[PDB]
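So here's one chain in two forms, each on its own in structure tokens, numbered structure 1 and structure 2.
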Structure 1
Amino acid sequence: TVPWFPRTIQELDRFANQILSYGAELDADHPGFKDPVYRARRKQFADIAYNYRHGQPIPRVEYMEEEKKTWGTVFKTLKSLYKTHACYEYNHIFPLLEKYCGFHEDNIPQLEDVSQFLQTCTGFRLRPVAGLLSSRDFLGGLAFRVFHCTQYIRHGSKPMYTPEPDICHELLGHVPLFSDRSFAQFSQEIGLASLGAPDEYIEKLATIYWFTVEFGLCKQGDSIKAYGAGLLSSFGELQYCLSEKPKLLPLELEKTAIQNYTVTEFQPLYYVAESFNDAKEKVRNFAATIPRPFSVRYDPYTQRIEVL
């Protein structure tokens, strides 16, 4: 039987409060989670996301000094690395975010402003959430060009890497490409294909998504660049992904989709795509093979799903 899936933008609110994690709360390598002050902050951001409702303007927040320092450190360090580590597409968009969206080392962008910016770029919009959502829900959101974005920031003790999708990851890793017309359309396409699909196909898509959109590498001329949002938000893993430590393999969905991966440490293996465009094509083609007893059509004027 077919699982329930949202058919309207307002319906996405149904699962908005269903949060998960990568299970690092007890990780001795990630002590930031045990920090009572840190937890108290997460609680504050969670409440905002819990009381939020579709359409509403995203509440502006006043970050603490620690959080501001973390952002600046992450920002300035990554900006330096992007010059030689990030793919062409990313580097061409980043300047625009800095000039028209307030992306600076001494300023944490407010989600409301980023959402307004994305809307004018590609119609994508932000939806604040307490934390990590399931792959089915997150992907479902993409169908309506909605990016469920966190608002809290990683613990200041380890800005180089965090397992969780904090604001740094959402803004520096995902937002840039969501502002691109082609990538935006690509994102919505796979999201549309996931609606009401069997979980065995959802998890498979999630794995493919992980090895491409999240931690993917691609050839650019005779060099290798990073385009995965998880690499682009971690100055620690960004250095590593192009070093001699990790293992590299050609991107092949049949193998990639069944490949194992870590969610609390640097990836031991990465898949290299012939090009950033070939990656999108490959993932798009697989998404179209996801079987289901029906077809879907999205009407942007009413923002509703049509089941055919």
Structure 2
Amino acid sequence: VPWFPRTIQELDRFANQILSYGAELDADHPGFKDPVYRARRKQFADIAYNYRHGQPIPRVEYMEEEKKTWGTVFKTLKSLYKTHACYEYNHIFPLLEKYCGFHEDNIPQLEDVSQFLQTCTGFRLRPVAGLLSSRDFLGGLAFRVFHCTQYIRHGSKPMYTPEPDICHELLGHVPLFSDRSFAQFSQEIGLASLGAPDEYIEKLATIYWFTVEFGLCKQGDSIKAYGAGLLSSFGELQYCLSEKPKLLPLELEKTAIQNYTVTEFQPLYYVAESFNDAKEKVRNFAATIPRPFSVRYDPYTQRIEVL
């Protein structure tokens, strides 16, 4: 059986397992020729490397150019949320504005966002340096821990990122982790992953893609976006609720084996009935994963109980 963390502190083992040679080193990266950007990225990676569970997340003074990039992303995306984002997103965003400094001229600090999420659902952030394996990223969700980047995309191309950056994390993921039913749903994916064979981690990563990252959900008689990749993409958030993509009901024996690519708009989205329904579906799928035990998280002790 693959090793998995059984205490929230054991997530510390993960930061000595990331891809060390990241996207920012690639010749096509928007910031590739900028050595100040390169250094800035190394500074944020070193904050993640030195972070340990339990500590406050170090605050960073963002430069004026970084705040300008954030503001461009923030104001262009904000124009779509009332009409395209799910209720849960629109419910919490004004409180993020009021209590976490989500404004066009201010990049929120992760410590503040983490404390906010803890009061909402017990979710917390951990700064992360770069790409984790699907196994380690999903395993943090079992603890309601979201590994979160702190760097921003290069300012030459504010509407484009080849990777998660802080705009994606804060505008795409954080608002949904403030909702109890979503937190429970995402955590269920994390619990399904613990000790799962690699074959099933890839199926859970695909379910994650079509839910947490690119999901649509029913809302009364309508359909809204809740996937973080959609909520942080001006173009795709508009497209996803247009007549152009194909929509199918979330059905995990189909969804888990569906192919996708990351470099164009999705041709196909899966629609969740609700986060509670999606959670029950994940729980049923998880029972099919060969694991010689069951798992449960105990929030009182922050440990995984293995039966």
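Quick note, the numbers are simply positions in structure 1, starting from 1. Between two forms, the rigid core is defined as the largest C-alpha subset superposing within 1.5 Å.
Chemist: Between structure 1 and structure 2, which should be identified as the form deposited without norleucine?
Modeler: Number 2 is right.
Chemist: Given a rigid core superposition of the two forms, which one of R53, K245, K43, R60 has its CA shift by 2 angstroms or more between structures 1 and 2?
Modeler: It is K245; the other listed residues stay below 2 Å.
Chemist: At a 2 Å cut-off on C-alpha positions, does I167 qualify as shifted between structures 1 and 2 after fitting the rigid core?
Modeler: Where the cores coincide, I167 shows only a C-alpha shift between structures 1 and 2 that is less than 2 Å.
Chemist: At a 2 Å cut-off on C-alpha positions, does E25 qualify as shifted between structures 1 and 2 after fitting the rigid core?
Modeler: Passes the 2 Å threshold, so yes.
Chemist: Given a core-based superposition, decide whether the C-alpha of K219 shifts by 2 Å or more between structures 1 and 2.
Modeler: Result for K219: yes, a 2 Å-plus shift.
Chemist: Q267: how large is its C-alpha shift between structures 1 and 2, with the rigid core as the superposition reference, in Å?
Modeler: Once the two forms are fitted on their core, the shift reads 3.7 Å.
Chemist: Relative to the superposed core, report the C-alpha shift of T122 between structures 1 and 2 in angstrom.
Modeler: Here the C-alpha difference is 0.4 Å.
Chemist: By how many angstrom does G228 shift at its CA between structures 1 and 2 when the core is held fixed?
Modeler: C-alpha shift for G228: 1.5 Å.
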